[PDB]
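A quick write-up on the structure given underneath.
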Amino acid sequence: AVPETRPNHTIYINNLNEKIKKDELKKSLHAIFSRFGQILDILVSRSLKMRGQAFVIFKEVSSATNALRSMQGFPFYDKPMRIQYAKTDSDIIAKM
RNA sequence: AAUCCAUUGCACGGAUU
């Protein structure tokens with residue numbers, strides 16, 4: 001699957017250092033992405049399938065787009081962040 | 001908790017008398 005480049009309120013981040021625990025990762029992600037707009041939530045799972053990944057849900061698509069373009073490749077816990085838009089809407093967004 | 005193995009994965013595993 002080619003990188004998902006169609007704008008979405010949610011950015012999908014992968015290539016994250018898997019040693020960072022869930023609480024610290026969410027807190028560090030919030031601290032860094034909050035300069036782009038209002039974050040609705042950050043979904044992190046350390047399961048086999050979902051580890052090394054995170055979903056940052058912005059209240060506005062414009063915030064997600066700026067976040068993606070700006071933070072693409074940022075060296076984080078010694079690995080360049082890889083960012084795409086989520087393929088589908090987050091449920092929080094989908095109810096709104 | 002820690003170390004190790006395996007995992008690059010689009011959601012809402014495994015090992016350490």
Side-chain angles (χ1 to χ4, degrees), chain A residues 1-5 7-18 20-96:
Chain A
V2 297
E4 179 55 84
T5 56
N8 193 278
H9 278 87
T10 304
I11 59 174
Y12 169 85
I13 309 169
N14 77 336
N15 201 45
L16 289 174
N17 188 326
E18 290 170 28
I20 316 309
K21 277 158 177 13
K22 184 176 164 157
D23 299 340
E24 185 188 2
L25 184 63
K26 279 173 66 169
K27 192 177 86 101
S28 282
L29 286 172
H30 192 283
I32 286 149
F33 285 104
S34 80
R35 69 191 67 174
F36 300 103
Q38 212 29 66
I39 299 164
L40 295 181
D41 203 356
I42 296 167
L43 307 197
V44 169
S45 164
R46 302 190 76 221
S47 78
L48 177 68
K49 178 204 171 154
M50 301 306 299
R51 64 184 62 169
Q53 300 152 83
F55 294 81
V56 178
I57 316 182
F58 283 98
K59 187 201 187 49
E60 298 313 334
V61 182
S62 65
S63 301
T65 288
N66 190 20
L68 187 152
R69 186 184 55 247
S70 302
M71 293 302 297
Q72 187 65 256
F74 201 101
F76 189 62
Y77 300 107
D78 332 281
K79 301 168 70 49
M81 284 194 209
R82 281 166 190 170
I83 314 179
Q84 293 169 68
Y85 283 112
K87 268 105 140 281
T88 73
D89 277 349
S90 291
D91 293 341
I92 188 173
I93 289 310
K95 72 86 206 157
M96 273 155 191

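Any value given below was found using the heavy atoms of this structure, including those in side chains, with hydrogens, waters and symmetry copies removed. Reminder, nothing fancy here: chain letters follow the sequence lines and each chain counts from 1.
When the side-chain hydrogen bond (donor to acceptor under 3.5 Å, both in side chains) test is applied to A:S28, the partners found at least two apart in sequence or on another chain are A:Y77. In terms of the side-chain hydrogen bond (donor to acceptor under 3.5 Å, both in side chains) criterion, residue partners of A:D89 (sequence neighbours excluded) are, by chain and number, A:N8. Under the rule for a side-chain hydrogen bond (donor to acceptor under 3.5 Å, both in side chains), the partners of A:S90 that lie at least two apart in sequence or sit in another chain are A:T10. Under the side-chain contact (heavy atoms from CB on, under 4.5 Å) criterion, A:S62 pairs with A:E60, sequence neighbours left out. Shown here are the side-chain hydrogen bond (donor to acceptor under 3.5 Å, both in side chains) partners of A:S70, two or more places apart in sequence or in another chain: A:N66.
Closest approach to the A:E18 side chain among B:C12, B:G9, B:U8 is made by B:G9 (side chain taken as heavy atoms from C-beta onward).
Residue ring and base: A:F55 counts as stacked with B:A11 (centre distance below 5.5 Å, interplanar angle below 30°).
Using a 4.0 Å cut-off, no side-chain N or O of A:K49 falls inside it from OP1 or OP2 of B:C10.
Counting only residues at least two apart or in different chains, side-chain hydrogen bond (donor to acceptor under 3.5 Å, both in side chains) contacts with residues 32-44 of chain A are absent. The stretch residues 40-72 of chain A participates, sequence neighbours left out, in these ring pair (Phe, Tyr, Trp, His ring centres under 6.0 Å) pairs: A:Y12-A:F55.
Residues from residues 88-96 of chain A placing a heavy atom under 4.0 Å of any atom in RNA chain B, listed by number, are A:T88, A:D89, A:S90, A:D91.
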Subject >> Canonical and wobble pairing (Watson-Crick, G-U, under 3.5 Å) of RNA chain B, dot-bracket with | >> reply: .((((.......)))).
